[PDB]
>>> print(open('structure02.csv').read())   # CSV, C-alpha atoms and all ligand atoms
chain,number,residue,atom,x,y,z
A,1,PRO,CA,51.4,-82.6,-156.6
A,2,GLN,CA,47.9,-82.7,-157.8
A,3,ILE,CA,45.4,-82.2,-154.9
A,4,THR,CA,41.7,-82.9,-155.3
A,5,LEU,CA,39.2,-81.2,-153.1
A,6,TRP,CA,36.9,-83.9,-151.9
A,7,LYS,CA,38.8,-83.6,-148.6
A,8,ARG,CA,40.1,-80.4,-146.9
A,9,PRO,CA,43.5,-79.6,-148.4
A,10,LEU,CA,45.5,-80.0,-145.2
A,11,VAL,CA,49.2,-80.4,-145.4
A,12,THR,CA,52.1,-80.6,-143.0
A,13,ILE,CA,54.3,-77.5,-142.7
A,14,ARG,CA,57.5,-76.9,-140.8
A,15,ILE,CA,57.8,-73.6,-139.1
A,16,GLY,CA,60.1,-72.4,-136.4
A,17,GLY,CA,61.5,-75.9,-136.1
A,18,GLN,CA,58.2,-77.6,-135.5
A,19,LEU,CA,55.7,-79.5,-137.6
A,20,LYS,CA,52.1,-78.4,-137.8
A,21,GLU,CA,49.1,-79.0,-140.0
A,22,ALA,CA,47.8,-76.2,-142.2
A,23,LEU,CA,45.1,-75.6,-144.8
A,24,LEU,CA,46.0,-74.5,-148.4
A,25,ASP,CA,43.6,-71.6,-148.6
A,26,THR,CA,43.2,-69.8,-151.9
A,27,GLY,CA,40.5,-67.5,-150.5
A,28,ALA,CA,43.1,-66.1,-148.0
A,29,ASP,CA,45.4,-63.2,-149.0
A,30,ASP,CA,47.4,-63.8,-145.9
A,31,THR,CA,48.9,-66.7,-143.9
A,32,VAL,CA,47.7,-66.9,-140.3
A,33,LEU,CA,48.6,-69.4,-137.7
A,34,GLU,CA,47.4,-70.3,-134.2
A,35,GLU,CA,49.3,-68.8,-131.4
A,36,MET,CA,52.8,-70.0,-131.2
A,37,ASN,CA,56.4,-69.0,-130.2
A,38,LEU,CA,58.4,-67.5,-133.1
A,39,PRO,CA,61.8,-65.9,-132.8
A,40,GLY,CA,62.3,-62.3,-134.0
A,41,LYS,CA,60.5,-59.0,-133.6
A,42,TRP,CA,56.9,-58.7,-134.4
A,43,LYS,CA,54.4,-55.9,-134.9
A,44,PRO,CA,50.8,-55.8,-133.9
A,45,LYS,CA,48.3,-55.8,-136.7
A,46,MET,CA,44.6,-56.4,-137.5
A,47,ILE,CA,42.9,-58.6,-140.1
A,48,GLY,CA,39.3,-59.4,-140.8
A,49,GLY,CA,37.5,-62.6,-142.0
A,50,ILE,CA,33.9,-63.4,-142.6
A,51,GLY,CA,33.0,-62.8,-138.9
A,52,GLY,CA,35.1,-59.7,-138.1
A,53,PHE,CA,38.5,-58.5,-137.2
A,54,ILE,CA,41.1,-60.1,-134.9
A,55,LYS,CA,44.4,-58.9,-133.4
A,56,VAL,CA,47.5,-60.7,-134.7
A,57,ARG,CA,51.3,-60.5,-134.3
A,58,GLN,CA,53.1,-60.0,-137.6
A,59,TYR,CA,56.4,-61.7,-138.3
A,60,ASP,CA,58.3,-60.9,-141.5
A,61,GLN,CA,60.7,-62.9,-143.6
A,62,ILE,CA,59.8,-66.1,-141.7
A,63,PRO,CA,61.1,-69.4,-143.2
A,64,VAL,CA,58.4,-72.0,-143.8
A,65,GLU,CA,58.5,-75.3,-145.6
A,66,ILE,CA,55.3,-76.5,-147.2
A,67,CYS,CA,55.4,-80.2,-148.2
A,68,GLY,CA,59.1,-79.9,-148.8
A,69,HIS,CA,58.8,-76.6,-150.7
A,70,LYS,CA,60.6,-73.6,-149.2
A,71,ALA,CA,59.0,-70.1,-148.8
A,72,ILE,CA,60.0,-67.0,-146.9
A,73,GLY,CA,57.4,-64.5,-146.1
A,74,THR,CA,55.0,-62.8,-143.7
A,75,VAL,CA,53.2,-64.9,-141.1
A,76,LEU,CA,50.4,-63.5,-138.8
A,77,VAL,CA,50.0,-65.3,-135.5
A,78,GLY,CA,46.7,-65.1,-133.7
A,79,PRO,CA,43.2,-66.5,-132.8
A,80,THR,CA,42.4,-68.4,-136.0
A,81,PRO,CA,40.1,-71.5,-136.1
A,82,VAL,CA,42.8,-73.3,-138.1
A,83,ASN,CA,46.3,-72.7,-139.5
A,84,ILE,CA,45.8,-71.2,-142.9
A,85,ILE,CA,48.4,-70.8,-145.7
A,86,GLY,CA,47.4,-67.8,-147.9
A,87,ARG,CA,48.2,-66.7,-151.4
A,88,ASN,CA,51.3,-64.8,-150.1
A,89,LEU,CA,53.1,-68.1,-149.6
A,90,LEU,CA,51.1,-70.2,-152.2
A,91,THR,CA,52.5,-68.1,-155.0
A,92,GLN,CA,56.1,-68.7,-153.7
A,93,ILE,CA,55.7,-72.5,-154.1
A,94,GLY,CA,54.2,-72.2,-157.6
A,95,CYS,CA,50.7,-73.3,-156.6
A,96,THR,CA,47.9,-72.8,-159.1
A,97,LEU,CA,44.2,-73.8,-159.4
A,98,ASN,CA,43.3,-76.0,-162.4
A,99,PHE,CA,40.1,-77.4,-163.9
B,1,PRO,CA,41.9,-73.3,-167.4
B,2,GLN,CA,44.8,-72.5,-165.1
B,3,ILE,CA,44.4,-69.8,-162.4
B,4,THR,CA,47.5,-68.2,-160.9
B,5,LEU,CA,47.3,-66.7,-157.4
B,6,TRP,CA,49.1,-63.4,-157.9
B,7,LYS,CA,45.6,-61.9,-157.6
B,8,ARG,CA,42.5,-63.1,-155.8
B,9,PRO,CA,41.1,-66.1,-157.9
B,10,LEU,CA,38.0,-64.1,-158.8
B,11,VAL,CA,35.8,-65.7,-161.5
B,12,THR,CA,32.4,-65.1,-163.0
B,13,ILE,CA,29.5,-67.3,-162.0
B,14,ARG,CA,26.0,-67.6,-163.3
B,15,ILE,CA,23.0,-68.1,-161.0
B,16,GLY,CA,19.4,-67.5,-161.6
B,17,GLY,CA,20.4,-66.0,-165.0
B,18,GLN,CA,22.4,-63.3,-163.2
B,19,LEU,CA,26.2,-63.1,-163.3
B,20,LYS,CA,28.6,-62.0,-160.5
B,21,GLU,CA,32.2,-62.4,-159.3
B,22,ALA,CA,33.1,-65.1,-156.8
B,23,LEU,CA,36.3,-66.4,-155.3
B,24,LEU,CA,37.5,-69.9,-156.0
B,25,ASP,CA,38.3,-70.9,-152.4
B,26,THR,CA,39.9,-74.1,-151.4
B,27,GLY,CA,39.7,-73.1,-147.7
B,28,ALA,CA,35.9,-72.9,-147.8
B,29,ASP,CA,34.1,-76.2,-147.0
B,30,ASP,CA,30.8,-74.8,-148.4
B,31,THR,CA,29.8,-72.1,-150.8
B,32,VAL,CA,28.7,-68.7,-149.4
B,33,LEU,CA,26.9,-66.0,-151.4
B,34,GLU,CA,26.0,-62.4,-150.7
B,35,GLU,CA,22.4,-61.7,-149.6
B,36,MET,CA,20.0,-62.3,-152.4
B,37,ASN,CA,16.5,-63.4,-153.1
B,38,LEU,CA,16.2,-67.1,-153.7
B,39,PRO,CA,13.0,-69.1,-154.0
B,40,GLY,CA,12.7,-72.3,-152.0
B,41,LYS,CA,12.8,-73.3,-148.4
B,42,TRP,CA,16.0,-72.9,-146.4
B,43,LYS,CA,17.5,-74.0,-143.2
B,44,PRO,CA,19.0,-71.6,-140.6
B,45,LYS,CA,22.7,-72.1,-140.0
B,46,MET,CA,25.8,-70.5,-138.6
B,47,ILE,CA,29.3,-70.7,-140.1
B,48,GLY,CA,32.5,-69.5,-138.5
B,49,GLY,CA,35.9,-68.2,-139.7
B,50,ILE,CA,38.3,-65.5,-138.7
B,51,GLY,CA,36.6,-63.0,-136.5
B,52,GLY,CA,33.7,-65.2,-135.5
B,53,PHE,CA,30.4,-66.6,-136.8
B,54,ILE,CA,27.7,-65.2,-139.1
B,55,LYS,CA,24.1,-66.4,-139.6
B,56,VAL,CA,23.3,-67.7,-143.0
B,57,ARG,CA,20.4,-69.4,-144.9
B,58,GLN,CA,21.0,-72.9,-146.3
B,59,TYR,CA,19.6,-73.7,-149.7
B,60,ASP,CA,20.0,-77.1,-151.3
B,61,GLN,CA,20.4,-78.4,-154.8
B,62,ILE,CA,21.1,-74.9,-156.2
B,63,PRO,CA,22.5,-74.7,-159.8
B,64,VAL,CA,25.5,-72.5,-160.4
B,65,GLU,CA,27.6,-72.0,-163.5
B,66,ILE,CA,31.2,-71.3,-162.9
B,67,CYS,CA,33.3,-70.6,-166.0
B,68,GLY,CA,30.9,-72.4,-168.3
B,69,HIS,CA,31.0,-75.4,-166.0
B,70,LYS,CA,27.8,-76.4,-164.3
B,71,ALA,CA,27.6,-77.5,-160.6
B,72,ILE,CA,24.7,-78.3,-158.3
B,73,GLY,CA,24.9,-78.2,-154.5
B,74,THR,CA,24.1,-76.4,-151.3
B,75,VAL,CA,24.7,-72.7,-151.0
B,76,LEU,CA,24.6,-70.5,-147.9
B,77,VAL,CA,23.3,-67.0,-148.3
B,78,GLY,CA,24.3,-64.4,-145.8
B,79,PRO,CA,25.9,-60.9,-145.1
B,80,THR,CA,29.3,-62.0,-146.5
B,81,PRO,CA,31.6,-59.4,-148.0
B,82,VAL,CA,32.6,-61.7,-150.9
B,83,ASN,CA,30.9,-64.5,-152.9
B,84,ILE,CA,32.8,-67.7,-152.1
B,85,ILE,CA,32.8,-70.8,-154.2
B,86,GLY,CA,33.7,-73.7,-151.8
B,87,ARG,CA,35.0,-77.2,-152.2
B,88,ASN,CA,31.4,-78.6,-152.4
B,89,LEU,CA,31.1,-77.1,-155.9
B,90,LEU,CA,34.8,-77.0,-156.7
B,91,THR,CA,35.0,-80.8,-156.7
B,92,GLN,CA,32.2,-80.9,-159.3
B,93,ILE,CA,34.0,-78.9,-161.9
B,94,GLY,CA,37.1,-81.1,-161.4
B,95,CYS,CA,39.1,-78.3,-159.9
B,96,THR,CA,42.5,-79.2,-158.4
B,97,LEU,CA,45.4,-77.5,-156.5
B,98,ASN,CA,48.8,-78.0,-158.2
B,99,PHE,CA,52.4,-77.2,-157.2
A,101,LIG,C1,31.1,-74.1,-143.8
A,101,LIG,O1,31.6,-73.2,-144.8
A,101,LIG,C2,32.5,-72.1,-144.6
A,101,LIG,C3,32.9,-71.4,-145.8
A,101,LIG,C4,33.8,-70.3,-145.7
A,101,LIG,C5,34.4,-70.0,-144.4
A,101,LIG,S1,35.5,-68.7,-144.3
A,101,LIG,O2,35.2,-67.5,-145.3
A,101,LIG,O3,35.6,-68.1,-142.8
A,101,LIG,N1,37.1,-69.3,-144.6
A,101,LIG,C6,38.0,-69.7,-143.4
A,101,LIG,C7,38.7,-71.1,-143.5
A,101,LIG,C8,39.9,-71.2,-142.5
A,101,LIG,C9,37.7,-72.2,-143.1
A,101,LIG,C10,37.6,-69.4,-146.0
A,101,LIG,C11,38.8,-68.4,-146.3
A,101,LIG,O4,39.2,-68.7,-147.6
A,101,LIG,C12,38.4,-66.9,-146.1
A,101,LIG,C13,37.5,-66.3,-147.3
A,101,LIG,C14,37.2,-64.8,-147.1
A,101,LIG,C15,36.2,-64.4,-146.2
A,101,LIG,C16,35.9,-63.0,-146.0
A,101,LIG,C17,36.6,-62.1,-146.9
A,101,LIG,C18,37.5,-62.5,-147.8
A,101,LIG,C19,37.8,-63.9,-148.0
A,101,LIG,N2,39.6,-66.2,-146.0
A,101,LIG,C20,40.0,-65.6,-144.9
A,101,LIG,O5,39.4,-65.5,-143.8
A,101,LIG,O6,41.3,-65.0,-145.2
A,101,LIG,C21,41.9,-64.1,-144.2
A,101,LIG,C22,43.4,-64.3,-144.2
A,101,LIG,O7,43.9,-63.5,-145.3
A,101,LIG,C23,43.0,-62.3,-145.5
A,101,LIG,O8,42.6,-62.2,-146.9
A,101,LIG,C24,41.1,-62.2,-146.9
A,101,LIG,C25,40.6,-62.1,-145.5
A,101,LIG,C26,41.8,-62.6,-144.7
A,101,LIG,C27,34.0,-70.7,-143.3
A,101,LIG,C28,33.1,-71.8,-143.4
>>> encode(input="structure02.csv", output="structure tokens", more="lines below")
Ligand SMILES: COc1ccc(S(=O)(=O)N(CC(C)C)C[C@@H](O)[C@H](Cc2ccccc2)NC(=O)O[C@H]2CO[C@H]3OCC[C@H]32)cc1
Amino acid sequence: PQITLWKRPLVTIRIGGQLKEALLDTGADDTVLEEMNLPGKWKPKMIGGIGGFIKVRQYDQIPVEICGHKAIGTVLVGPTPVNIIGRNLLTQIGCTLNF
Amino acid sequence: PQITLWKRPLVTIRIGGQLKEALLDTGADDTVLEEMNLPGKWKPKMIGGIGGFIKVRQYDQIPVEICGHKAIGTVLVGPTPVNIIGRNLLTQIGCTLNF
């Protein structure tokens, strides 16, 4: 769909069987979600944002549905102010910026 | 134009006659630029993201040129690692997310 930006681009995603709200974030290389229970092995990792670094758990080849569109990729779980969908998953669902 | 997200959506912007690279960021509510000299009064402010908060200076009605498109809005200047063009200016150049 065509999404304008007068409002935050929040969409419903389905991950690990549950529905959650996430922000389509083109300024994010990675996808990071608030703490949650996800099956599978995970590896500790570190990522930084505008205010510093945080510790996250990294889950690979995770299935995620964004507004109906399927994606399978890396998801980082940790202390983020909001669930963010980064370019690693945005490219999988064919999302582009237009103007 | 149409920007793919294989790479960071880095674009050239013009401000005060000077050019620079900035990120077209749908996850950013406001626009944040790297420390720079700007004339005009400002208002103290703190913005937060992954890792915590940073102190920035808020300037209003600043004119920026992104890809030949003009936009006028508020910009926050602070110790950010990347120049960020947020939704406050993105909406003015008629930028949309599509998938
Ligand atoms: C009021 O105005 C604001 C403007 C901007 C922000 S923000 O920068 O914390 N933010 C975070 C978003 C969830 C709000 C926007 C994201 O797109 C923000 C932009 C950014 C900041 C620093 C370095 C590179 C990229 N991206 C971000 O934190 O991405 C994370 C996840 O993937 C990684 O790639 C780049 C850094 C890492 C916060 C407030």
>>> interface_residues(input="structure02.csv", of="chain A", to="chain B", cutoff="10 Å", atoms="all atoms listed in the file", output="JSON, numbers by chain")
{"A": [1, 2, 3, 4, 5, 6, 7, 8, 9, 10, 23, 24, 25, 26, 27, 28, 29, 32, 47, 48, 49, 50, 51, 52, 53, 54, 55, 67, 69, 78, 79, 80, 81, 82, 84, 85, 86, 87, 88, 89, 90, 91, 92, 93, 94, 95, 96, 97, 98, 99]}
>>> write_last_selection(input="structure02.csv", atoms="C-alpha atoms", output="PDB file, in the coordinates of the input")
ATOM      1  CA  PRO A   1      51.400 -82.600-156.600  1.00  0.00           C
ATOM      2  CA  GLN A   2      47.900 -82.700-157.800  1.00  0.00           C
ATOM      3  CA  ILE A   3      45.400 -82.200-154.900  1.00  0.00           C
ATOM      4  CA  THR A   4      41.700 -82.900-155.300  1.00  0.00           C
ATOM      5  CA  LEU A   5      39.200 -81.200-153.100  1.00  0.00           C
ATOM      6  CA  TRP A   6      36.900 -83.900-151.900  1.00  0.00           C
ATOM      7  CA  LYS A   7      38.800 -83.600-148.600  1.00  0.00           C
ATOM      8  CA  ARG A   8      40.100 -80.400-146.900  1.00  0.00           C
ATOM      9  CA  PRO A   9      43.500 -79.600-148.400  1.00  0.00           C
ATOM     10  CA  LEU A  10      45.500 -80.000-145.200  1.00  0.00           C
ATOM     11  CA  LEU A  23      45.100 -75.600-144.800  1.00  0.00           C
ATOM     12  CA  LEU A  24      46.000 -74.500-148.400  1.00  0.00           C
ATOM     13  CA  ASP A  25      43.600 -71.600-148.600  1.00  0.00           C
ATOM     14  CA  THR A  26      43.200 -69.800-151.900  1.00  0.00           C
ATOM     15  CA  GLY A  27      40.500 -67.500-150.500  1.00  0.00           C
ATOM     16  CA  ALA A  28      43.100 -66.100-148.000  1.00  0.00           C
ATOM     17  CA  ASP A  29      45.400 -63.200-149.000  1.00  0.00           C
ATOM     18  CA  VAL A  32      47.700 -66.900-140.300  1.00  0.00           C
ATOM     19  CA  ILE A  47      42.900 -58.600-140.100  1.00  0.00           C
ATOM     20  CA  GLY A  48      39.300 -59.400-140.800  1.00  0.00           C
ATOM     21  CA  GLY A  49      37.500 -62.600-142.000  1.00  0.00           C
ATOM     22  CA  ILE A  50      33.900 -63.400-142.600  1.00  0.00           C
ATOM     23  CA  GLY A  51      33.000 -62.800-138.900  1.00  0.00           C
ATOM     24  CA  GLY A  52      35.100 -59.700-138.100  1.00  0.00           C
ATOM     25  CA  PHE A  53      38.500 -58.500-137.200  1.00  0.00           C
ATOM     26  CA  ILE A  54      41.100 -60.100-134.900  1.00  0.00           C
ATOM     27  CA  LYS A  55      44.400 -58.900-133.400  1.00  0.00           C
ATOM     28  CA  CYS A  67      55.400 -80.200-148.200  1.00  0.00           C
ATOM     29  CA  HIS A  69      58.800 -76.600-150.700  1.00  0.00           C
ATOM     30  CA  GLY A  78      46.700 -65.100-133.700  1.00  0.00           C
ATOM     31  CA  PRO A  79      43.200 -66.500-132.800  1.00  0.00           C
ATOM     32  CA  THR A  80      42.400 -68.400-136.000  1.00  0.00           C
ATOM     33  CA  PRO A  81      40.100 -71.500-136.100  1.00  0.00           C
ATOM     34  CA  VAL A  82      42.800 -73.300-138.100  1.00  0.00           C
ATOM     35  CA  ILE A  84      45.800 -71.200-142.900  1.00  0.00           C
ATOM     36  CA  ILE A  85      48.400 -70.800-145.700  1.00  0.00           C
ATOM     37  CA  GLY A  86      47.400 -67.800-147.900  1.00  0.00           C
ATOM     38  CA  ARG A  87      48.200 -66.700-151.400  1.00  0.00           C
ATOM     39  CA  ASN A  88      51.300 -64.800-150.100  1.00  0.00           C
ATOM     40  CA  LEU A  89      53.100 -68.100-149.600  1.00  0.00           C
ATOM     41  CA  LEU A  90      51.100 -70.200-152.200  1.00  0.00           C
ATOM     42  CA  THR A  91      52.500 -68.100-155.000  1.00  0.00           C
ATOM     43  CA  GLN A  92      56.100 -68.700-153.700  1.00  0.00           C
ATOM     44  CA  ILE A  93      55.700 -72.500-154.100  1.00  0.00           C
ATOM     45  CA  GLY A  94      54.200 -72.200-157.600  1.00  0.00           C
ATOM     46  CA  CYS A  95      50.700 -73.300-156.600  1.00  0.00           C
ATOM     47  CA  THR A  96      47.900 -72.800-159.100  1.00  0.00           C
ATOM     48  CA  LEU A  97      44.200 -73.800-159.400  1.00  0.00           C
ATOM     49  CA  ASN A  98      43.300 -76.000-162.400  1.00  0.00           C
ATOM     50  CA  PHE A  99      40.100 -77.400-163.900  1.00  0.00           C
TER      51      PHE A  99
END
>>> calpha_fit_rmsd(input="structure02.csv", fixed="chain B", moving="chain A")
0.6 Å
>>> residues_around(input="structure02.csv", residues="residue B:77", least_positions_apart="4", cutoff="12 Å", atoms="only C-alpha atoms", output="PDB file with C-alpha atoms, in the coordinates of the input")
ATOM      1  CA  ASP B  30      30.800 -74.800-148.400  1.00  0.00           C
ATOM      2  CA  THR B  31      29.800 -72.100-150.800  1.00  0.00           C
ATOM      3  CA  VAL B  32      28.700 -68.700-149.400  1.00  0.00           C
ATOM      4  CA  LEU B  33      26.900 -66.000-151.400  1.00  0.00           C
ATOM      5  CA  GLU B  34      26.000 -62.400-150.700  1.00  0.00           C
ATOM      6  CA  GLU B  35      22.400 -61.700-149.600  1.00  0.00           C
ATOM      7  CA  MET B  36      20.000 -62.300-152.400  1.00  0.00           C
ATOM      8  CA  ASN B  37      16.500 -63.400-153.100  1.00  0.00           C
ATOM      9  CA  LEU B  38      16.200 -67.100-153.700  1.00  0.00           C
ATOM     10  CA  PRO B  39      13.000 -69.100-154.000  1.00  0.00           C
ATOM     11  CA  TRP B  42      16.000 -72.900-146.400  1.00  0.00           C
ATOM     12  CA  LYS B  43      17.500 -74.000-143.200  1.00  0.00           C
ATOM     13  CA  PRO B  44      19.000 -71.600-140.600  1.00  0.00           C
ATOM     14  CA  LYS B  45      22.700 -72.100-140.000  1.00  0.00           C
ATOM     15  CA  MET B  46      25.800 -70.500-138.600  1.00  0.00           C
ATOM     16  CA  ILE B  47      29.300 -70.700-140.100  1.00  0.00           C
ATOM     17  CA  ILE B  54      27.700 -65.200-139.100  1.00  0.00           C
ATOM     18  CA  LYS B  55      24.100 -66.400-139.600  1.00  0.00           C
ATOM     19  CA  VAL B  56      23.300 -67.700-143.000  1.00  0.00           C
ATOM     20  CA  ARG B  57      20.400 -69.400-144.900  1.00  0.00           C
ATOM     21  CA  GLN B  58      21.000 -72.900-146.300  1.00  0.00           C
ATOM     22  CA  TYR B  59      19.600 -73.700-149.700  1.00  0.00           C
ATOM     23  CA  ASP B  60      20.000 -77.100-151.300  1.00  0.00           C
ATOM     24  CA  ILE B  62      21.100 -74.900-156.200  1.00  0.00           C
ATOM     25  CA  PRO B  81      31.600 -59.400-148.000  1.00  0.00           C
ATOM     26  CA  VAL B  82      32.600 -61.700-150.900  1.00  0.00           C
ATOM     27  CA  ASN B  83      30.900 -64.500-152.900  1.00  0.00           C
ATOM     28  CA  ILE B  84      32.800 -67.700-152.100  1.00  0.00           C
ATOM     29  CA  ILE B  85      32.800 -70.800-154.200  1.00  0.00           C
TER      30      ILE B  85
END
>>> atom_distance(input="structure02.csv", atom1="atom CA of residue B:74", atom2="atom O6 of ligand LIG 101 (chain A)")
21.5 Å
>>> closest_residue(input="structure02.csv", among="B:71, B:19, B:11, B:76", to="ligand LIG 101 (chain A)", atoms="all atoms listed in the file")
B:76
>>> residues_around(input="structure02.csv", residues="stretch 14-16 of chain B", least_positions_apart="3", cutoff="7 Å", atoms="only C-alpha atoms", output="PyMOL selection string")
chain B and resi 19-20+63-66
>>> closest_residue(input="structure02.csv", among="A:22, A:61, A:12, A:73", to="ligand LIG 101 (chain A)", atoms="only C-alpha atoms and all ligand atoms")
A:22
>>> atom_distance(input="structure02.csv", atom1="atom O2 of ligand LIG 101 (chain A)", atom2="atom CA of residue B:13")
17.6 Å
>>> atom_distance(input="structure02.csv", atom1="atom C19 of ligand LIG 101 (chain A)", atom2="atom CA of residue A:18")
27.6 Å
>>> decode(input="structure02.csv", residues="stretch 18-86 of chain A", atoms="C-alpha atoms", output="PDB file, in the first residue's frame")
ATOM      1  CA  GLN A  18       1.218 -13.129  18.479  1.00  0.00           C
ATOM      2  CA  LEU A  19       0.150  -9.770  17.037  1.00  0.00           C
ATOM      3  CA  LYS A  20       2.097  -6.635  17.892  1.00  0.00           C
ATOM      4  CA  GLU A  21       2.439  -3.072  16.640  1.00  0.00           C
ATOM      5  CA  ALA A  22       5.674  -1.996  14.949  1.00  0.00           C
ATOM      6  CA  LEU A  23       7.101   1.051  13.225  1.00  0.00           C
ATOM      7  CA  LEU A  24       8.312   0.900   9.594  1.00  0.00           C
ATOM      8  CA  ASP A  25      11.749   2.462  10.145  1.00  0.00           C
ATOM      9  CA  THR A  26      13.907   3.200   7.106  1.00  0.00           C
ATOM     10  CA  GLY A  27      16.564   4.752   9.334  1.00  0.00           C
ATOM     11  CA  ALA A  28      17.097   1.364  11.000  1.00  0.00           C
ATOM     12  CA  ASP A  29      19.473  -1.228   9.517  1.00  0.00           C
ATOM     13  CA  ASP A  30      18.088  -3.822  11.895  1.00  0.00           C
ATOM     14  CA  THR A  31      14.778  -4.995  13.310  1.00  0.00           C
ATOM     15  CA  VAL A  32      14.556  -4.737  17.079  1.00  0.00           C
ATOM     16  CA  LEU A  33      11.578  -5.637  19.246  1.00  0.00           C
ATOM     17  CA  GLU A  34      10.679  -5.197  22.914  1.00  0.00           C
ATOM     18  CA  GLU A  35      11.440  -8.125  25.188  1.00  0.00           C
ATOM     19  CA  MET A  36       9.389 -11.193  24.339  1.00  0.00           C
ATOM     20  CA  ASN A  37       9.469 -14.976  24.324  1.00  0.00           C
ATOM     21  CA  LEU A  38      10.673 -16.450  21.042  1.00  0.00           C
ATOM     22  CA  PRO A  39      11.476 -20.123  20.353  1.00  0.00           C
ATOM     23  CA  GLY A  40      14.895 -21.179  19.153  1.00  0.00           C
ATOM     24  CA  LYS A  41      18.466 -20.472  20.116  1.00  0.00           C
ATOM     25  CA  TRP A  42      19.688 -16.923  20.447  1.00  0.00           C
ATOM     26  CA  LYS A  43      23.061 -15.235  20.717  1.00  0.00           C
ATOM     27  CA  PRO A  44      23.911 -12.114  22.729  1.00  0.00           C
ATOM     28  CA  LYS A  45      24.719  -9.036  20.686  1.00  0.00           C
ATOM     29  CA  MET A  46      25.134  -5.283  20.987  1.00  0.00           C
ATOM     30  CA  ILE A  47      23.657  -2.459  18.915  1.00  0.00           C
ATOM     31  CA  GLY A  48      23.736   1.292  19.198  1.00  0.00           C
ATOM     32  CA  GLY A  49      21.243   4.041  18.418  1.00  0.00           C
ATOM     33  CA  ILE A  50      21.357   7.823  18.870  1.00  0.00           C
ATOM     34  CA  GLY A  51      21.764   7.497  22.635  1.00  0.00           C
ATOM     35  CA  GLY A  52      24.187   4.603  22.944  1.00  0.00           C
ATOM     36  CA  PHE A  53      24.450   0.815  22.930  1.00  0.00           C
ATOM     37  CA  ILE A  54      22.105  -1.790  24.363  1.00  0.00           C
ATOM     38  CA  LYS A  55      22.293  -5.548  24.856  1.00  0.00           C
ATOM     39  CA  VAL A  56      19.968  -7.632  22.708  1.00  0.00           C
ATOM     40  CA  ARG A  57      19.276 -11.309  22.048  1.00  0.00           C
ATOM     41  CA  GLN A  58      19.678 -12.247  18.383  1.00  0.00           C
ATOM     42  CA  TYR A  59      17.276 -14.743  16.765  1.00  0.00           C
ATOM     43  CA  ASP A  60      17.978 -15.848  13.173  1.00  0.00           C
ATOM     44  CA  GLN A  61      15.656 -16.981  10.403  1.00  0.00           C
ATOM     45  CA  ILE A  62      12.584 -15.894  12.339  1.00  0.00           C
ATOM     46  CA  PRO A  63       9.245 -15.833  10.493  1.00  0.00           C
ATOM     47  CA  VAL A  64       7.413 -12.507  10.616  1.00  0.00           C
ATOM     48  CA  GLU A  65       4.331 -11.277   8.780  1.00  0.00           C
ATOM     49  CA  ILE A  66       4.109  -7.558   8.090  1.00  0.00           C
ATOM     50  CA  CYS A  67       0.645  -6.468   7.019  1.00  0.00           C
ATOM     51  CA  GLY A  68       0.144  -9.837   5.383  1.00  0.00           C
ATOM     52  CA  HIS A  69       3.549  -9.951   3.693  1.00  0.00           C
ATOM     53  CA  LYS A  70       5.921 -12.717   4.778  1.00  0.00           C
ATOM     54  CA  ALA A  71       9.563 -12.208   5.744  1.00  0.00           C
ATOM     55  CA  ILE A  72      12.147 -14.479   7.282  1.00  0.00           C
ATOM     56  CA  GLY A  73      15.108 -12.867   8.936  1.00  0.00           C
ATOM     57  CA  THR A  74      17.085 -11.738  11.931  1.00  0.00           C
ATOM     58  CA  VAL A  75      15.266 -10.166  14.825  1.00  0.00           C
ATOM     59  CA  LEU A  76      16.975  -8.569  17.838  1.00  0.00           C
ATOM     60  CA  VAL A  77      15.049  -8.618  21.147  1.00  0.00           C
ATOM     61  CA  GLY A  78      15.887  -6.002  23.760  1.00  0.00           C
ATOM     62  CA  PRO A  79      15.181  -2.656  25.547  1.00  0.00           C
ATOM     63  CA  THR A  80      13.890  -0.576  22.641  1.00  0.00           C
ATOM     64  CA  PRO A  81      11.428   2.332  23.117  1.00  0.00           C
ATOM     65  CA  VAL A  82       9.238   0.782  20.419  1.00  0.00           C
ATOM     66  CA  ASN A  83       9.154  -2.213  18.112  1.00  0.00           C
ATOM     67  CA  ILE A  84      11.079  -1.265  15.015  1.00  0.00           C
ATOM     68  CA  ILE A  85      11.102  -2.968  11.598  1.00  0.00           C
ATOM     69  CA  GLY A  86      14.420  -2.283   9.892  1.00  0.00           C
TER      70      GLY A  86
END
